[PDB]
Structure formats: structure tokens, C-alpha cells
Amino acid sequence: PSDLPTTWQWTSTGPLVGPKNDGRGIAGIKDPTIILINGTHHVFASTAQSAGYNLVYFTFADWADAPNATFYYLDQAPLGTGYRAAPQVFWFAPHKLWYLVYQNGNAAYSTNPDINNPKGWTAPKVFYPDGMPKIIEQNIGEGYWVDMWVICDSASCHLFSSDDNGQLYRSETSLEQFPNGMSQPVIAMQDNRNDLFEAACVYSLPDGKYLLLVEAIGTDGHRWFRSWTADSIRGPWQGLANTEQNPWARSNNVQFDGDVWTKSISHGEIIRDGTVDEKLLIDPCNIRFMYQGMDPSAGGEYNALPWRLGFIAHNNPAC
């Protein structure tokens, strides 16, 4: 793709979004999905603690207002209590409904006619009503079925997911059938688990190509992103910036404006503006990526790690 560089450089904010002192005991705010509508950002994120995961909505105009944005917990909607994590939001234009895609042990979705109403999200329905696909059971190993992502073109809608074991899965259905009818997935891409771990993003580009981002665990133990491009959602995928020396986003290509608050660059999303619909279009000339990070000296149980959200802004746009 002509308007993407092969090497990437970023500037990061400080940690802007963390847990509230509200009695819920949340340790981390994680895995954001973010869209921008006429100056207003809308975010959904995981709440993480060792007792479980659920979902939160918040909104702000300027990024400086993110730290004080009110949290609207989606367990107050019909979406409800239970396990829910790692959301993706988009407008599905055929239905004139927003969709929120997330995991619950299966691949799930909720709908809402108005993104501004966090109480409006439906109880989950599942993309795979017969349970975990056999292909994922055969390949998951000691992993977990995570990180659900939809992208459609004008004919077909695809559902991507990971197993924390080095597979990236893809199912499809027609545009007209969505959300129903998802195929049994194929393995879209496969690597060793640390090199193709979780947190996929699949975007469309104004030149009609596609961008795939996947989170990886580096030799130093810290999270980073690898990238590929393709002419089809179905692949094949060509490496863009997918090595530690030439990463999509990693400690070695992110400059901090203040303190270096994280070494991991982990589960995030590009800010989508303009159309915020099912085609998951981005503007390659103005990429900003909301991400999660943490104090690199912290340890302990994964679910209680002190994940916070910031932004990286792309320094070297190619258009």
C-alpha cells in the first residue's frame, strides 16, 4: 500500500485512563475500541481484576479530558454481569444498529441503536451457537479463545479470533446474513504463540487494501505489535513491519513526551473517524492508536496487573 510506511515511529502520551476508586476493585482498564464522531471520542474497554472481566464505556472530547471521563459500566445494561472482555464497536449500516463484539467464552455481540446510551446494549448472542469450532478445539492447546474482530466488505463479513496459541482464525458470512451464518473458521495465519498471540485488528485502507495488526510477546518479555498488508480480507498477508528490529509498535519505536511509563505496547485500536461502519476504514495519513501499557517493574498475577490506557500518534505518515 502506497500510503503506509514500511518503518514506523510514534509519540506516546502518559497513562491517561485507569480504574476509578469506586469500590469495584478493578485492577486494569484494557483492550480499548475507540471511534471519533465530530470531535467526540467513544471508548469501550475491558475491566480486569482477578475476580473477572467485564466492560466499560466512556467518552471525551480532548484527550486531556479522558482521565476524568465518567465510567459507565455495561453490567448495568442487559449485556449484564458475567464474563465479557475485549470489545469492538462499529455501526452496521444494513441494520442501522451499533454492534459491540466481544468474548464471553464464545464470540458474542450486543446491539444498540444509540451509542450514547450505555444501558441499551442487549444481552449477548453468539456467533457460534454450536459452541467452540472443532478447528479451534484441535489447535488451542493450553490457550484461551479471545479477541473477536469483525470486518466486512460490500459482500461478506469476516470474524477473526485468536487462541493464545499462535493461530489467527477467520470465519465469514454474507453481508446480508450478518450476524448469522458464520462459517466454521479457517486458520488465517499461524506462527509460534509468542509471535502471533492475540489482539488482532483488521482494517481497510482508502486504496482498497487491508492492514492486519497482531500483538506479540518479545524476547524481552514485553508486548509489541506486528503488521501485514493484503489485497483481500482472506489474505494472503505480506509483512509490513513485523520484526522486533522493524516493528509496528514496540518500545524501540515509541517516544515518550514525559516519563517512560511502559515498555509493553499492548492491546489497542486505531482511532476511527469518518465512517465508523462495518468496513473498519482508517485514515493512513493520521493514525493514532489507543493502547494499554503498564509499569514495566510490576509483576504478579496477570489479571491484577496495573494496565492503563494511553495513545500513540504516528510520527512518520507516508501521505
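One-based numbering along the sequence shown.
Practice item. Using only the Cα atoms and their B-factors as the entry lists them, report which of 160 to 168 and 135 to 143 averages higher. Key: For C-alpha atoms only, the mean B-factor is higher in 135 to 143.
Exercise for review: Output the stretch having the higher mean C-alpha B factor in the entry; the candidates are 271 to 279 and 48 to 56.
Suggested key: Higher mean C-alpha B-factor: 271 to 279.
Practice item. Report the option among 117, 88, 219, 104 whose CA atom has the maximum B-factor in the deposited record. Key: Within the set 117, 88, 219, 104, 219 shows the top C-alpha B-factor.
Practice item. Check the PDB entry and point out which of 39, 28, 32, 293 has the largest C-alpha temperature factor. Key: Spelled out: the listed residue with the top C-alpha B-factor is 39.
Practice item. Using the B-factors in the PDB entry, rank residue 23's C-alpha atom against the chain and give the third, lowest, middle or highest. Key: Tercile = highest for this residue's CA B-factor.
Point to revise | residue 211 - Cα temperature factor, lowest/middle/highest third of chain | key: Middle third by C-alpha B-factor.
Exercise for review: Select lowest, middle or highest to describe the third in which the CA B-factor of residue 110 falls within its chain in this entry.
Suggested key: Bottom third by C-alpha B-factor.
Point to revise | Relative C-alpha B-factor of residue 245, binned into the chain's lowest, middle or highest third | key: As the PDB entry reports it, the C-alpha B-factor of residue 245 lands in the highest third of its chain.
Review point. Compared with the other modelled residues in the chain, in which third is the CA B-factor of residue 239?
Key: Tercile = highest for this residue's CA B-factor.
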